[PDB]
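Heads up, model34.tsv below (TSV, C-alpha atoms and all ligand atoms):
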```tsv
chain	number	residue	atom	x	y	z
G	1	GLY	CA	13.97	-28.06	-7.78
G	2	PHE	CA	15.67	-25.43	-5.62
G	3	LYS	CA	19.18	-26.91	-5.95
G	4	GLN	CA	18.84	-27.31	-9.71
G	5	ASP	CA	17.66	-23.69	-9.92
G	6	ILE	CA	20.90	-22.55	-8.32
G	7	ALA	CA	22.84	-24.48	-10.97
G	8	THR	CA	20.68	-22.97	-13.73
G	9	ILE	CA	21.21	-19.40	-12.54
G	10	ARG	CA	24.96	-19.91	-12.01
G	11	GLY	CA	25.37	-21.41	-15.47
G	12	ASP	CA	24.52	-18.03	-17.00
G	13	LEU	CA	24.83	-15.77	-13.95
G	14	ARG	CA	25.59	-12.57	-15.88
G	15	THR	CA	22.41	-12.79	-17.95
G	16	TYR	CA	20.06	-13.77	-15.13
G	17	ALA	CA	21.53	-11.20	-12.74
G	18	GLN	CA	21.06	-8.32	-15.17
G	19	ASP	CA	17.55	-9.27	-16.31
G	20	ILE	CA	16.20	-9.89	-12.80
G	21	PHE	CA	17.72	-6.72	-11.37
G	22	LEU	CA	16.23	-4.65	-14.20
G	23	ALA	CA	12.87	-6.32	-13.59
G	24	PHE	CA	13.26	-5.18	-9.98
G	25	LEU	CA	14.18	-1.58	-10.80
G	26	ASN	CA	11.39	-1.14	-13.33
G	27	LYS	CA	8.73	-2.77	-11.14
G	28	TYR	CA	9.67	-0.61	-8.14
G	29	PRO	CA	10.97	2.70	-9.64
G	30	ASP	CA	11.58	4.14	-6.16
G	31	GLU	CA	14.33	1.58	-5.60
G	32	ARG	CA	16.60	3.04	-8.30
G	33	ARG	CA	17.31	5.93	-5.91
G	34	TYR	CA	19.75	3.72	-4.00
G	35	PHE	CA	21.89	3.39	-6.98
G	36	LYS	CA	22.61	6.99	-8.17
G	37	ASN	CA	24.60	5.98	-11.29
G	38	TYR	CA	21.67	3.97	-12.70
G	39	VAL	CA	19.38	7.00	-12.67
G	40	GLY	CA	18.24	8.32	-16.04
G	41	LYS	CA	19.31	5.25	-18.00
G	42	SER	CA	17.32	2.81	-20.13
G	43	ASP	CA	17.72	-0.97	-19.91
G	44	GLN	CA	20.06	-1.17	-22.89
G	45	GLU	CA	22.22	1.68	-21.63
G	46	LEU	CA	22.73	-0.14	-18.33
G	47	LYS	CA	23.53	-3.42	-20.06
G	48	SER	CA	26.34	-1.51	-21.77
G	49	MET	CA	27.74	-0.15	-18.50
G	50	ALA	CA	30.67	-2.26	-17.33
G	51	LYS	CA	29.97	-1.48	-13.66
G	52	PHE	CA	26.34	-2.53	-14.03
G	53	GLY	CA	27.12	-6.07	-15.15
G	54	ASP	CA	29.93	-6.50	-12.61
G	55	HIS	CA	27.91	-5.24	-9.65
G	56	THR	CA	24.70	-7.13	-10.40
G	57	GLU	CA	26.71	-10.29	-10.95
G	58	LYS	CA	28.36	-9.83	-7.54
G	59	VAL	CA	24.96	-9.32	-5.90
G	60	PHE	CA	23.59	-12.54	-7.37
G	61	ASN	CA	26.78	-14.48	-6.72
G	62	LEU	CA	26.40	-13.88	-2.98
G	63	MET	CA	22.66	-14.55	-3.15
G	64	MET	CA	23.40	-17.95	-4.67
G	65	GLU	CA	25.96	-18.71	-1.96
G	66	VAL	CA	23.43	-17.91	0.74
G	67	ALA	CA	20.83	-20.00	-1.06
G	68	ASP	CA	23.25	-22.95	-1.37
G	69	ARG	CA	24.12	-22.75	2.34
G	70	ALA	CA	20.48	-22.78	3.40
G	71	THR	CA	18.66	-25.79	4.80
G	72	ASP	CA	15.15	-26.34	3.46
G	73	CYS	CA	15.17	-22.73	2.18
G	74	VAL	CA	16.05	-21.31	5.59
G	75	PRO	CA	19.22	-19.18	5.52
G	76	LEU	CA	21.95	-19.39	8.14
G	77	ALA	CA	21.78	-16.72	10.82
G	78	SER	CA	25.38	-15.81	9.98
G	79	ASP	CA	24.47	-15.09	6.35
G	80	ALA	CA	21.55	-12.89	7.40
G	81	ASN	CA	23.84	-10.91	9.74
G	82	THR	CA	26.42	-10.49	6.97
G	83	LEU	CA	23.79	-8.87	4.74
G	84	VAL	CA	22.52	-6.63	7.53
G	85	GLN	CA	25.90	-5.23	8.56
G	86	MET	CA	27.30	-4.63	5.08
G	87	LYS	CA	27.89	-0.88	4.88
G	88	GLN	CA	26.17	-0.79	1.48
G	89	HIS	CA	22.98	-1.89	3.27
G	90	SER	CA	23.15	0.50	6.23
G	91	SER	CA	20.17	2.44	5.01
G	92	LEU	CA	17.89	-0.43	4.07
G	93	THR	CA	14.79	-2.00	5.61
G	94	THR	CA	13.27	-5.45	5.13
G	95	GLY	CA	10.79	-3.85	2.75
G	96	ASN	CA	13.51	-3.35	0.14
G	97	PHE	CA	14.39	-7.04	0.26
G	98	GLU	CA	10.78	-8.21	0.01
G	99	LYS	CA	10.37	-6.22	-3.21
G	100	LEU	CA	13.46	-7.80	-4.75
G	101	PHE	CA	12.15	-11.32	-4.18
G	102	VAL	CA	8.68	-10.48	-5.43
G	103	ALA	CA	10.30	-9.32	-8.68
G	104	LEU	CA	12.52	-12.42	-8.69
G	105	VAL	CA	9.57	-14.78	-8.21
G	106	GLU	CA	7.46	-12.99	-10.82
G	107	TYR	CA	10.36	-13.18	-13.24
G	108	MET	CA	10.73	-16.94	-12.77
G	109	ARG	CA	7.01	-17.56	-13.21
G	110	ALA	CA	6.95	-15.47	-16.40
G	111	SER	CA	10.02	-17.11	-17.95
G	112	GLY	CA	9.90	-20.35	-19.91
G	113	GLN	CA	12.29	-22.21	-17.60
G	114	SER	CA	11.05	-24.66	-14.99
G	115	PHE	CA	12.09	-22.83	-11.82
G	116	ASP	CA	10.82	-23.97	-8.43
G	117	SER	CA	9.23	-20.56	-7.81
G	118	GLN	CA	7.43	-21.73	-4.67
G	119	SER	CA	10.73	-22.52	-2.94
G	120	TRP	CA	12.18	-19.15	-3.92
G	121	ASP	CA	9.10	-17.42	-2.53
G	122	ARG	CA	9.67	-19.41	0.68
G	123	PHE	CA	13.39	-18.59	0.62
G	124	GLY	CA	12.73	-14.88	0.26
G	125	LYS	CA	10.22	-14.89	3.10
G	126	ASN	CA	12.56	-16.79	5.40
G	127	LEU	CA	15.45	-14.50	4.49
G	128	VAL	CA	13.34	-11.44	5.32
G	129	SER	CA	12.43	-12.96	8.69
G	130	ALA	CA	16.13	-13.64	9.27
G	131	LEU	CA	17.14	-10.06	8.48
G	132	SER	CA	14.52	-8.87	10.97
G	133	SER	CA	15.86	-11.06	13.78
G	134	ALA	CA	19.34	-9.89	12.79
G	135	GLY	CA	18.36	-6.34	13.66
G	136	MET	CA	17.09	-4.88	10.38
G	137	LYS	CA	14.05	-2.60	10.55
Z	1	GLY	CA	-0.28	-28.64	10.26
Z	2	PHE	CA	3.06	-28.70	12.06
Z	3	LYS	CA	2.16	-25.83	14.41
Z	4	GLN	CA	-1.22	-27.35	15.24
Z	5	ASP	CA	0.49	-30.70	15.88
Z	6	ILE	CA	2.63	-29.07	18.56
Z	7	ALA	CA	-0.57	-27.85	20.25
Z	8	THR	CA	-2.18	-31.30	19.99
Z	9	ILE	CA	0.81	-33.06	21.58
Z	10	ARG	CA	1.08	-30.41	24.33
Z	11	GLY	CA	-2.60	-30.93	25.17
Z	12	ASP	CA	-1.99	-34.51	26.38
Z	13	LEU	CA	1.80	-34.54	26.55
Z	14	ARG	CA	2.39	-37.24	29.17
Z	15	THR	CA	0.32	-39.76	27.20
Z	16	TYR	CA	1.87	-38.95	23.83
Z	17	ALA	CA	5.38	-38.81	25.27
Z	18	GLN	CA	5.11	-42.28	26.82
Z	19	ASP	CA	3.47	-44.00	23.84
Z	20	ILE	CA	5.93	-42.59	21.32
Z	21	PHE	CA	8.97	-43.33	23.48
Z	22	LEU	CA	7.71	-46.88	24.01
Z	23	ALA	CA	7.18	-47.21	20.25
Z	24	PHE	CA	10.79	-46.08	19.82
Z	25	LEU	CA	12.24	-48.51	22.36
Z	26	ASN	CA	10.24	-51.46	21.02
Z	27	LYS	CA	11.16	-50.81	17.40
Z	28	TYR	CA	14.83	-50.41	18.35
Z	29	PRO	CA	15.52	-52.73	21.34
Z	30	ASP	CA	19.23	-51.84	21.21
Z	31	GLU	CA	18.48	-48.21	22.11
Z	32	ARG	CA	17.31	-49.34	25.54
Z	33	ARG	CA	20.99	-49.84	26.39
Z	34	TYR	CA	21.34	-46.10	27.01
Z	35	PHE	CA	18.60	-46.31	29.64
Z	36	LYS	CA	19.80	-48.61	32.42
Z	37	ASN	CA	16.57	-49.18	34.35
Z	38	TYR	CA	14.38	-49.96	31.32
Z	39	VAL	CA	15.73	-53.39	30.32
Z	40	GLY	CA	13.67	-56.52	30.99
Z	41	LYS	CA	10.41	-54.62	31.54
Z	42	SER	CA	7.06	-54.72	29.73
Z	43	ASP	CA	5.34	-51.51	28.58
Z	44	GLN	CA	2.95	-51.51	31.55
Z	45	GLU	CA	5.81	-51.88	34.03
Z	46	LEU	CA	7.67	-48.94	32.50
Z	47	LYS	CA	4.48	-46.83	32.70
Z	48	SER	CA	4.27	-47.48	36.45
Z	49	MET	CA	7.84	-46.29	37.01
Z	50	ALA	CA	7.64	-42.67	38.16
Z	51	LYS	CA	11.07	-42.02	36.68
Z	52	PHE	CA	9.99	-43.26	33.26
Z	53	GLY	CA	7.05	-40.89	32.97
Z	54	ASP	CA	8.89	-37.92	34.46
Z	55	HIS	CA	11.89	-38.18	32.10
Z	56	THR	CA	9.95	-38.98	28.93
Z	57	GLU	CA	7.74	-35.98	29.58
Z	58	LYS	CA	10.74	-33.68	30.07
Z	59	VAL	CA	12.23	-35.02	26.84
Z	60	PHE	CA	9.03	-34.14	24.98
Z	61	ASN	CA	8.56	-30.81	26.77
Z	62	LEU	CA	11.89	-29.71	25.28
Z	63	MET	CA	11.27	-31.35	21.90
Z	64	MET	CA	8.06	-29.37	21.49
Z	65	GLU	CA	9.88	-26.15	22.42
Z	66	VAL	CA	12.57	-26.82	19.79
Z	67	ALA	CA	9.84	-27.50	17.22
Z	68	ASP	CA	7.95	-24.39	18.31
Z	69	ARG	CA	11.11	-22.31	17.90
Z	70	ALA	CA	11.83	-23.68	14.41
Z	71	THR	CA	11.21	-21.84	11.14
Z	72	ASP	CA	9.83	-24.01	8.34
Z	73	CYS	CA	10.76	-27.16	10.31
Z	74	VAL	CA	14.36	-25.95	10.65
Z	75	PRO	CA	15.54	-25.75	14.27
Z	76	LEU	CA	17.54	-22.88	15.73
Z	77	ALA	CA	21.29	-23.45	15.77
Z	78	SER	CA	21.27	-22.78	19.53
Z	79	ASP	CA	18.73	-25.56	20.23
Z	80	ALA	CA	20.84	-28.02	18.25
Z	81	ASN	CA	23.87	-26.88	20.26
Z	82	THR	CA	22.08	-27.47	23.57
Z	83	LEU	CA	21.12	-31.02	22.59
Z	84	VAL	CA	24.70	-31.86	21.62
Z	85	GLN	CA	26.33	-30.35	24.72
Z	86	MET	CA	23.94	-31.96	27.21
Z	87	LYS	CA	26.05	-34.37	29.26
Z	88	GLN	CA	23.30	-36.99	28.95
Z	89	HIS	CA	23.99	-37.00	25.20
Z	90	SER	CA	27.79	-37.14	25.26
Z	91	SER	CA	27.74	-40.75	24.07
Z	92	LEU	CA	25.20	-40.39	21.26
Z	93	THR	CA	25.50	-40.02	17.49
Z	94	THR	CA	22.99	-38.70	14.92
Z	95	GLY	CA	21.87	-42.27	14.31
Z	96	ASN	CA	20.11	-42.41	17.69
Z	97	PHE	CA	18.10	-39.28	16.85
Z	98	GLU	CA	17.29	-40.52	13.37
Z	99	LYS	CA	15.77	-43.68	14.83
Z	100	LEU	CA	13.70	-41.69	17.31
Z	101	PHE	CA	12.06	-39.70	14.48
Z	102	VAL	CA	11.46	-42.75	12.31
Z	103	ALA	CA	9.50	-44.17	15.24
Z	104	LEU	CA	7.73	-40.86	15.84
Z	105	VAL	CA	6.66	-40.49	12.19
Z	106	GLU	CA	5.53	-44.14	12.08
Z	107	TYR	CA	3.50	-43.58	15.25
Z	108	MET	CA	1.72	-40.57	13.72
Z	109	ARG	CA	0.90	-42.37	10.47
Z	110	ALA	CA	-0.47	-45.38	12.36
Z	111	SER	CA	-2.63	-43.29	14.72
Z	112	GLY	CA	-6.05	-41.91	13.82
Z	113	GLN	CA	-5.27	-38.23	14.42
Z	114	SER	CA	-4.61	-35.81	11.54
Z	115	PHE	CA	-0.90	-35.24	12.18
Z	116	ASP	CA	1.25	-33.64	9.47
Z	117	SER	CA	3.65	-36.61	9.30
Z	118	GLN	CA	5.57	-35.22	6.32
Z	119	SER	CA	6.52	-32.10	8.29
Z	120	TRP	CA	7.74	-34.14	11.25
Z	121	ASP	CA	9.88	-36.21	8.88
Z	122	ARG	CA	11.39	-32.99	7.51
Z	123	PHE	CA	11.89	-31.64	11.02
Z	124	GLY	CA	13.65	-34.82	12.05
Z	125	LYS	CA	16.04	-34.72	9.10
Z	126	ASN	CA	16.80	-31.02	9.51
Z	127	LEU	CA	17.43	-31.55	13.21
Z	128	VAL	CA	19.84	-34.41	12.49
Z	129	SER	CA	21.51	-32.12	9.96
Z	130	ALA	CA	21.80	-29.39	12.62
Z	131	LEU	CA	23.20	-31.83	15.20
Z	132	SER	CA	25.97	-32.87	12.80
Z	133	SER	CA	26.88	-29.22	12.17
Z	134	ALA	CA	26.98	-28.70	15.94
Z	135	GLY	CA	29.69	-31.33	16.23
Z	136	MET	CA	27.78	-34.55	16.85
Z	137	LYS	CA	29.11	-37.65	15.11
F	1	LIG	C1	19.83	-10.79	-0.03
F	1	LIG	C2	19.86	-10.00	-1.36
F	1	LIG	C3	21.13	-9.13	-1.57
F	1	LIG	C4	22.43	-9.52	-1.69
F	1	LIG	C5	23.01	-10.94	-1.63
F	1	LIG	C6	23.21	-8.30	-1.90
F	1	LIG	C7	24.57	-8.28	-2.08
F	1	LIG	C8	25.36	-7.18	-2.31
F	1	LIG	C9	26.79	-7.16	-2.52
F	1	LIG	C10	27.68	-8.42	-2.52
F	1	LIG	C11	27.17	-5.89	-2.73
F	1	LIG	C12	28.59	-5.34	-3.02
F	1	LIG	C13	28.81	-5.17	-4.54
F	1	LIG	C14	30.27	-5.08	-5.00
F	1	LIG	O1	31.06	-5.93	-4.59
F	1	LIG	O2	30.56	-4.11	-5.78
F	1	LIG	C15	25.96	-5.06	-2.64
F	1	LIG	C16	25.89	-3.68	-2.79
F	1	LIG	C17	24.76	-2.88	-2.72
F	1	LIG	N1	23.48	-3.38	-2.47
F	1	LIG	FE1	22.97	-5.25	-2.00
F	1	LIG	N2	22.37	-7.20	-1.90
F	1	LIG	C18	21.09	-7.69	-1.70
F	1	LIG	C19	19.96	-6.87	-1.65
F	1	LIG	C20	19.93	-5.50	-1.79
F	1	LIG	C21	18.70	-4.68	-1.75
F	1	LIG	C22	17.27	-5.26	-1.54
F	1	LIG	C23	19.08	-3.41	-1.93
F	1	LIG	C24	18.23	-2.12	-1.98
F	1	LIG	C25	17.06	-2.13	-2.98
F	1	LIG	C26	20.52	-3.41	-2.09
F	1	LIG	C27	21.31	-2.31	-2.32
F	1	LIG	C28	22.66	-2.26	-2.50
F	1	LIG	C29	23.42	-1.07	-2.77
F	1	LIG	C30	22.81	0.34	-2.88
F	1	LIG	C31	24.71	-1.43	-2.92
F	1	LIG	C32	25.90	-0.50	-3.24
F	1	LIG	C33	25.67	0.06	-4.69
F	1	LIG	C34	26.62	-0.44	-5.75
F	1	LIG	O3	27.36	-1.42	-5.54
F	1	LIG	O4	26.54	0.18	-6.83
F	1	LIG	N3	21.03	-4.70	-2.00
F	1	LIG	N4	24.88	-5.87	-2.37
F	2	LIG	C1	15.84	-33.88	20.00
F	2	LIG	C2	15.24	-35.05	20.78
F	2	LIG	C3	15.63	-35.11	22.27
F	2	LIG	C4	15.38	-34.21	23.27
F	2	LIG	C5	14.63	-32.87	23.18
F	2	LIG	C6	15.95	-34.77	24.48
F	2	LIG	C7	15.89	-34.17	25.71
F	2	LIG	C8	16.39	-34.64	26.90
F	2	LIG	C9	16.29	-34.01	28.20
F	2	LIG	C10	15.61	-32.66	28.46
F	2	LIG	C11	16.89	-34.82	29.10
F	2	LIG	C12	17.04	-34.61	30.63
F	2	LIG	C13	15.79	-35.13	31.38
F	2	LIG	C14	15.83	-35.01	32.90
F	2	LIG	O1	15.65	-33.83	33.37
F	2	LIG	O2	16.03	-36.03	33.56
F	2	LIG	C15	17.38	-35.99	28.37
F	2	LIG	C16	18.04	-37.08	28.91
F	2	LIG	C17	18.50	-38.20	28.23
F	2	LIG	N1	18.35	-38.38	26.87
F	2	LIG	FE1	17.54	-37.15	25.56
F	2	LIG	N2	16.55	-35.99	24.21
F	2	LIG	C18	16.36	-36.21	22.86
F	2	LIG	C19	16.81	-37.35	22.20
F	2	LIG	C20	17.49	-38.41	22.77
F	2	LIG	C21	17.94	-39.59	22.03
F	2	LIG	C22	17.69	-39.81	20.50
F	2	LIG	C23	18.55	-40.40	22.91
F	2	LIG	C24	19.22	-41.77	22.68
F	2	LIG	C25	18.25	-42.97	22.66
F	2	LIG	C26	18.50	-39.73	24.21
F	2	LIG	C27	18.99	-40.22	25.39
F	2	LIG	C28	18.94	-39.63	26.62
F	2	LIG	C29	19.45	-40.21	27.85
F	2	LIG	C30	20.16	-41.58	27.95
F	2	LIG	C31	19.18	-39.34	28.84
F	2	LIG	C32	19.52	-39.53	30.34
F	2	LIG	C33	18.78	-40.82	30.86
F	2	LIG	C34	17.48	-40.54	31.58
F	2	LIG	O3	17.13	-39.33	31.59
F	2	LIG	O4	16.83	-41.47	32.09
F	2	LIG	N3	17.85	-38.51	24.10
F	2	LIG	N4	17.06	-35.85	27.04
```
Represent the structure of the file as C-alpha cells.
Ligand code: HEM
Ligand code: HEM
Amino acid sequence: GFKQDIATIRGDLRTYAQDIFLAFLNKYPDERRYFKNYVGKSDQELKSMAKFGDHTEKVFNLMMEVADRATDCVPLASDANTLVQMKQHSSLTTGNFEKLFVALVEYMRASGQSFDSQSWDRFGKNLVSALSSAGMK
Amino acid sequence: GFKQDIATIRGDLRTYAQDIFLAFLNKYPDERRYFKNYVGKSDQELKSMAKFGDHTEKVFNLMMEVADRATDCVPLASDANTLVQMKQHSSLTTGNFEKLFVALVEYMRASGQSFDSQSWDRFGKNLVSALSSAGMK
C-alpha cells in the first residue's frame, strides 16, 4: 500500500527520482522553463549531470518525508506551508504541483511495480488543497 | 457517503444524538462515571431530562462541524486542539473517544439507513490520532 510504496521508492530513490522527474518534464514541456540548466538537454544528458541527480533526489527525499508524515494521505499543514514559502517556489501556482502528481501517478500505473496509485492520486489532490489553504495561488 | 451522512444526522440531530449516546453509555457502563446525573437511570428517564438532551445535542452539533471541516476523514489540527483543551475533557484519554466511535459505528451498521460506516470508522481513528498529537494521553 501507501506505506510500502514509500519504502519502495526510498530503496532506490536516485533511480525513481530521475525517471519520474523526466516523465514530468517531457509530459509538460512548459515546466522545464523553471529549471534553466535543464533546457536543451536530452534525457541521457541530464542523467549524466551531477546536479540533476542530486537535485531530483533532494526533491523526492522531501516528498517522501511529507508523505510519511501524512495521515490517511492528508499532509500536515506545516509541511504544506514549508513548500509554499520555500524561495525556490515563490513563483509557482498549484497548477504546477497538480501536473507533477499526474505524471507521478501515470508513471506508477505504467510501471510493472505494484504501487498504490489511487492513494498517490489522493495524496496529490490533498497536497494541492493544502497548498491552496496555505496561500498558494 | 461521509458528507451525505453529516447531512442526514443534522436533519434529525436531537434524535440521532440521543440514541447514539445512549448506545455508547449502555455498551460501556463505566463511561457513565464521567456524567454524574446519569447513573441509575433507564433510557426513557434520561430522555426526559432536559439537561441530557441539551448536552448530547451540543456534543453532536460540534462533532458534525468537526467532521464537516475534515478533509478525507482527517480532522483539522485546530479542532483536535479544541477538544483536548476543553475543561470538560481535562480528565479524559483517547480511550474514551475510541469507545464512543466504536459505539457510533456499531449503531450505524445496526440501523437501516445507508450510512458509510467505514468512513466513520476511519474518521474516529484519525481523530483519536489527532487527539494524541494534541497532547491527550
Ligand atoms: C510537493 C512536491 C515538491 C517538493 C517536495 C519539492 C522540493 C524541493 C526542494 C527540497 C528543493 C531544493 C533543492 C536543493 O536542495 O537543491 C526544490 C527546488 C526547486 N523546486 Fe521544488 N519541490 C516540489 C515541487 C516543485 C514543482 C511542482 C516545481 C515547479 C514545476 C518545483 C520547482 C522547483 C525549482 C525551480 C527549484 C529550484 C531549482 C533547482 O534546484 O535547480 N518544485 N524543490
Ligand atoms: C469528538 C467527540 C466529542 C465532542 C465533539 C464533544 C463535545 C462536547 C461539548 C461541546 C461539550 C460542552 C456541552 C455544553 O455546552 O454543556 C462537552 C462536554 C462534555 N463532554 Fe464531550 N465531546 C466529545 C467526546 C466526549 C467523550 C468521548 C467523553 C467521555 C465519555 C466526553 C465527556 C464530556 C463531559 C463529561 C462533558 C461535561 C458533562 C456534561 O456536559 O454533562 N466528551 N463535550
(request) Collect all residues with atoms no farther than 9 Å from ligand LIG 2 (chain F), counting all atoms listed in the file, and output them as a PyMOL selection string. (result) chain Z and resi 24-25+31-38+51-52+54-66+79-80+83+86-89+91-101+124+127-128
I'd like the box whose edges run along x, y and z of the file and which contains every listed atom of ligand LIG 1 (chain F), padded by 5 Å per side; could you state its centre and edge lengths in Å, one decimal, as JSON?
```
{"center_x": 24.1, "center_y": -5.3, "center_z": -3.4, "size_x": 24.0, "size_y": 21.3, "size_z": 16.8}
```
(request) For chain G, report every residue with an atom at most 12 Å from chain Z (counting only C-alpha atoms), formatted as a list in words. (result) residues 70, 71, 72, 73, 74, 75, 76, 77, 78, 119, 122, 123, 125, 126, 127, 129 and 130 of chain G
(request) Go ahead and compute the interatomic distance for atom CA of residue G:27 and atom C24 of ligand LIG 1 (chain F), in Å to one decimal. (result)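 Going from atom CA of residue G:27 over to atom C24 of ligand LIG 1 (chain F) covers 13.2 Å.
Residue nearest ligand LIG 1 (chain F) within the list G:115, G:13, G:29, G:107: G:29 [criterion: smallest interatomic distance, all atoms listed in the file].
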(request) Pick out the closest residue to residue Z:22 from this set: Z:3, Z:47, Z:10, Z:137. Count all atoms listed in the file. (result)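 Looking at the shortest contact to residue Z:22, the residue is Z:47.
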(message) I'd like the interatomic distance between atom CA of residue Z:11 and atom CA of residue Z:82, to a tenth of an Å.
(response) 25.0 Å
(request) Within 10 Å of residue Z:1, counting only C-alpha atoms, which residues show up once you throw out same-chain ones fewer than 2 positions away? Write them as a PyMOL selection string, please. (result) chain Z and resi 3-6+114-120
(request) Tell me, in Å to one decimal, how far atom CA of residue Z:104 is from atom CA of residue Z:68. (result)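 Computed distance, atom CA of residue Z:104 to atom CA of residue Z:68, equals 16.7 Å.
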(request) Identify which of the residues G:67, G:9, G:84, G:39 lies closest to residue G:132, counting all atoms listed in the file when measuring atom-to-atom distances. (result)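 Using all atoms listed in the file, residue G:132 sits closest to G:84.
Shortest separation to residue Z:133 among Z:81, Z:46, Z:17, Z:30 occurs at residue Z:81, atoms counted being all atoms listed in the file.
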